[PDB]
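Here's the structure, in structure tokens; my notes come after.
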Amino acid sequence: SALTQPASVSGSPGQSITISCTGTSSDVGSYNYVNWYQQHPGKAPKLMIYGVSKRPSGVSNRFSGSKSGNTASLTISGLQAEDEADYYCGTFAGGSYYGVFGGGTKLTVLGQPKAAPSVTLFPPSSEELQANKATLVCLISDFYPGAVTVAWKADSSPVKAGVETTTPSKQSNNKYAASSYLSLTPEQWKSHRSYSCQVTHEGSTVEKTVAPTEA
Amino acid sequence: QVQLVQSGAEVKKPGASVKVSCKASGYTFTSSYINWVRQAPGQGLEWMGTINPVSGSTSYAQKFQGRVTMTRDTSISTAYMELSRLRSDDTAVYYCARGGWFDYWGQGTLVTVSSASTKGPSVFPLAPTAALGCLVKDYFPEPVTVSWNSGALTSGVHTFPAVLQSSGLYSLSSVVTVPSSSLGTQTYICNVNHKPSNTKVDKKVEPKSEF
């Protein structure tokens with residue numbers, strides 16, 4: 001069974017933050033086997049907490065773990081810049097126990113004011129459609145923290161097929177940029193009243209919409 | 001110190017197989033399980049299975065049953081993971097980790113599954129302060145450089161990092177924010193360069209004609 005983590009959490013230096021990991025009564029609710037891993041960009045994960053609350057030798061006492069019901073939680077006190085990383089919860093794997101990891105949580109240690117994304121949605125060009133192809137282009141920039149959720153809709157219905165989204169990458173100003181592309185056939189583009197790019201940042205969702213015709 | 005060393009990065013075509021090794025040092029190999037986990041680029045950790053280094057007994061994740069094999073050679077303290085009938089979405093860093101708690105991880109083995117070969121982009125105008133741009137589709141490998149008006153236009157230009165598509169090809173967009181008053185009088189041309197394929201494209205971006 002899946003373990004659910006928030007997509008992203010953030011805090012300022014010196015502050016305390018908590019990352020949740022929700023399972024079911026059959027997994028997290030039954031065993032003291034939830035572990036937490038820290039992963040820096042381009043590095044292998046590192047075990048921070050095992051067995052819900054135990055720290056391996058050498059791990060800072062600023063990291064602690066707990067559990068209540070079906071939710072295990074990692075708490076980091078006195079946030080330092082080096083704490084900025086992705087964090088995963090997972091269960092013990094071996095013997096009768098099958099492994100599972102949570103989806104991960106990006107932790108940002110705030111170094112500048114939070115900034116909402118600037119979103120621009122472009123419809124397929126006349127040239128691309130003439131070439132019997134169609135691509136919707138959703139450009140997301142100047143956001144901080146560097147975590148977003150991008151989703152697409154065909155009219156009011158969700159669409160997953162033909163979607164290619166980048167992971168956020170740091171711009172020269174330390175804010176982030178990301179982009180998402182939706183590939184369609186020219187018929188799919190003209191058959192719908194509209195297509196939408198939905199961008200969620202820090203619990204704020206903006207939806208940009210394009211239509212194939214003016215009336 | 002406990003260490004798990006993994007074999008080197010590989011690139012495989014769809015349908016092929018890959019065999020990753022994981023060699024232990026700094027502890028007694030047979031005293032702990034070896035777990036296998038993978039991570040697609042920008043995605044999360046995914047468990048693949050566990051092997052008991054004493055018996056060689058295995059547990060495979062349901063998602064991979066039928067095409068994943070795990071073995072070990074205790075004489076050289078090495079565990080192996082072989083994944084067959086590779087797909088594009090098997091592109092990932094593959095890790096081994098020690099014990100049920102995954103308390104030490106190997107450095108990871110990057111496996112890319114692709115049939116992509118050198119290809120120049122197709123460029124499309126993104127008609128329009130106003131935002132206008134150029135869509136640079138389906139090229140391989142990186143990089144593409146984009147200039148505007150042969151380098152005359154630099155202010156307000158943002159060329160986005162490329163998306164690496166499930167097809168194995170890249171696409172990117174370059175956008176420029178300009179005063180909306182200039183749309184009727186100023187010409188905007190993006191100049192796309194893809195040195196690996198020796199392709200250069202100049203594309204005029206016209207304002208989205210009223211009526």
Side-chain angles (χ1 to χ4, degrees), chain A residues 115-131 133-144 150 166 169-182 189 194-197 199 201 206-215, chain B residues 120-137 139 143-163 170-194 199-211:
Chain A
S118 171
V119 184
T120 298
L121 175 61
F122 289 99
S125 56
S126 182
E127 283 193 27
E128 195 185 11
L129 289 167
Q130 194 285 334
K133 289 171 184 212
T135 311
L136 279 82
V137 179
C138 191
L139 303 179
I140 311 157
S141 63
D142 281 337
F143 58 96
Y144 184 78
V150 185
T166 65
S169 76
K170 219 195 287 180
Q171 297 175 172
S172 49
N173 59 10
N174 290 317
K175 286 177 197 185
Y176 286 78
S179 63
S180 191
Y181 293 84
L182 174 60
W189 168 233
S194 70
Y195 274 84
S196 294
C197 178
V199 182
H201 181 250
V206 66
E207 182 171 317
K208 298 290 166 172
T209 303
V210 287
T213 70
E214 281 196 45
Chain B
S122 285
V123 178
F124 302 103
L126 299 178
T129 60
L132 56 106
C134 276
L135 169 60
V136 181
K137 280 289 274 209
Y139 64 89
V144 148
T145 57
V146 182
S147 64
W148 285 86
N149 297 341
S150 313
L153 182 58
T154 52
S155 178
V157 177
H158 187 171
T159 300
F160 282 68
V163 66
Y170 293 93
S171 294
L172 65 74
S173 305
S174 182
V175 63
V176 61
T177 49
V178 299
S180 197
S181 65
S182 73
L183 294 182
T185 57
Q186 191 85 51
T187 291
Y188 293 111
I189 300 160
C190 68
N191 326 107
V192 176
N193 182 229
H194 183 242
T199 303
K200 299 182 176 179
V201 186
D202 291 321
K203 179 71 52 182
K204 192 180 181 207
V205 186
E206 311 254 65
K208 194 192 192 80
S209 81
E210 55 186 10
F211 338 121

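Each chain gets a letter, A, B and so on, in the order its sequence line appears, and its residues count up from 1.
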Task: Rounded distance (nearest 0.5 Å) linking atom CG of A/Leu136 with atom OG of A/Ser196 - done: 9.5 Å
- [ ] For the pair B/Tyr170 and B/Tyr139, name the ring-plane relationship: parallel under 30°, tilted 30 to 60°, perpendicular over 60°.
- [x] parallel
Task: Enclosure of A/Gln130 CD (heavy-atom neighbours >12, cutoff 6.0 Å) - done: no
- [ ] Kindly indicate, with the supporting measurements, whether the criterion side chain to side chain contact (heavy atoms under 4.5 Å, CB included) is fulfilled by A/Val210 and A/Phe122.
- [x] CA-CA 7 Å; A/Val210 287; A/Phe122 289 99; over 6 Å; no
TODO: Indicate the atoms forming the closest heavy-atom contact of A/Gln171 with A/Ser141, along with that distance.
DONE: OE1-CB, 3.4 Å
Open item on the list: Within the 4.5 Å heavy-atom criterion, are B/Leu126 and B/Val205 side-chain neighbours or not?
Closed with: no
Task: Heavy-atom donor-acceptor pair, B/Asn191 side chain to B/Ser150 backbone, under 3.5 Å - done: yes
Open item on the list: For a 4.5 angstrom cut-off between non-hydrogen side-chain atoms, does B/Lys137 reach A/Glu128?
Closed with: yes
Task: From OG1 (A/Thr166) to CZ (B/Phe160), nearest 0.5 Å - done: 8.5 Å
Task: Taking every non-hydrogen atom, the tightest pair across A/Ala115 and A/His201 - done: O-CE1, 3.2 Å
Task: Minimum-distance pair of heavy atoms, taken over all atoms of B/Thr199 and B/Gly120 - done: OG1-CA, 3.8 Å
Task: Heavy-atom side-chain contact between B/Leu172 and B/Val146 under 4.5 Å - done: yes
Open item on the list: Between A/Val137 and A/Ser179, is there a side-chain heavy-atom distance shorter than 4.5 Å?
Closed with: no
TODO: If the plane angle is over 60° it's perpendicular, under 30° parallel, otherwise tilted; pick one for A/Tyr144 and A/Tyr176.
DONE: parallel
Task: Between CG on residue B/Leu132 and CD on residue B/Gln186, distance to nearest 0.5 Å - done: 10.5 Å
Task: Separation between OH of A/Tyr195 and CG of A/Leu121, rounded to the nearest 0.5 Å - done: 12.0 Å
Open item on the list: To the closest 0.5 Å, what do you measure between CG (A/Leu139) and NZ (A/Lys208)?
Closed with: 12.5 Å
TODO: Determine whether B/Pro128 and B/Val178 make a side-chain contact, defined as any pair of heavy atoms from C-beta on separated by less than 4.5 Å.
DONE: no
TODO: Drop me the distance from A/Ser194's OG to A/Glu207's CD, to the nearest 0.5 angstrom.
DONE: 8.0 Å
Task: Heavy-atom side-chain contact between B/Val201 and B/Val136 under 4.5 Å - done: no
Task: Check: A/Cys138 and A/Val199 side chains under 4.5 Å, non-hydrogen atoms - done: yes
- [ ] Return the minimal non-hydrogen interatomic distance between A/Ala178 and A/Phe143, and the atom names on each side.
- [x] N-CE2, 3.8 Å
TODO: Without swapping roles, check the side chain of B/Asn149 against the backbone of B/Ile189 for a donor-acceptor pair under 3.5 Å.
DONE: yes
Task: Test item: B/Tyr188 and B/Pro125 side chains (from C-beta on) under 4.5 Å apart, heavy atoms - done: no
